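Colleague:
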Amino acid sequence: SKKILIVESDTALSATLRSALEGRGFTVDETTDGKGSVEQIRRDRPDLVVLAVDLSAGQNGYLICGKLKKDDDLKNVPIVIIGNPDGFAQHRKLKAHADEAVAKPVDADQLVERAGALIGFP
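In terms of the entry's author numbering, the sequence shown opens at residue 2 and continues consecutively.
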């Protein structure tokens, strides 16, 4: 099994991305709750996280990414950020950063290809 968690408060986008990944054979869960996502990942470990920058409630995805990538037990989980590419180069400068980053508006097919490249197609 290849398990993905989508952390995204845009529920329409999340459903489309979930469906594309599911069609390709991934198991996918979704959460809009950025605050709860790190502990959700700890207790229900996915193979990959798709993480939006623009989260509701003043959260941002690069911060959630940093929390994951600073945790020695969770840092090995690959993360694909989805958001405005104007932030991607700066994020590459951090010690703790996402494995990859894909622009919004998201090309769903390309996101699926990156998932497969990162964790294997199931």
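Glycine residues also receive a C-beta, built at the ideal position from the N, C-alpha and C atoms.
On the DSSP bridge assignment, give the partners of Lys4 in chain order.
Modeller: In DSSP, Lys4 forms a bridge with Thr28.
Colleague: I believe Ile82 touches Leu69 by the beta-carbon criterion, under 8 Å. Please report the beta-carbon distance rounded to the nearest angstrom.
Modeller: That belief does not hold up - the Cβ atoms of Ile82 and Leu69 are roughly 11 Å apart, past 8 Å.
Colleague: On a Cα-Cα basis, can you pick out the residue from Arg25, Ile42, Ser10, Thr12 that is closest to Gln111?
Modeller: The candidate whose alpha carbon is nearest that of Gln111 is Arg25.
Colleague: Under 8 Å by Cβ, that's how I've got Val54 and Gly84 pegged, so tell me the actual separation to the nearest angstrom.
Modeller: Confirmed, about 3 Å.
Colleague: Any idea if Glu9 is buried or exposed, counting beta-carbon neighbours within 10 angstroms, 16 or more meaning buried?
Modeller: Counting Cβ neighbours within 10 Å, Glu9 comes out buried, since at least 16 surround it.
Colleague: Which complete beta strand (DSSP E) runs does the stretch 41-93 hold, if anything under 3 residues is left out?
Modeller: Within the stretch 41-93, the complete beta strand (DSSP E) runs of at least 3 residues are 49-53, 80-84.
Colleague: Taking Cβ positions, are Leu14 and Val113 nearer each other than 8 Å?
Modeller: No.
Colleague: If the criterion is Cβ atoms closer than 8 Å, does the pair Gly67 and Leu49 meet it?
Modeller: No; because the gap between Cβ atoms is not below 8 Å, this pair is not in contact.
Colleague: Which whole-angstrom value describes the C-beta separation of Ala16 and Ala109, a residue pair presumed to lie in contact below a C-beta threshold of 8 Å?
Modeller: About 11 Å; that fails the 8 Å criterion.
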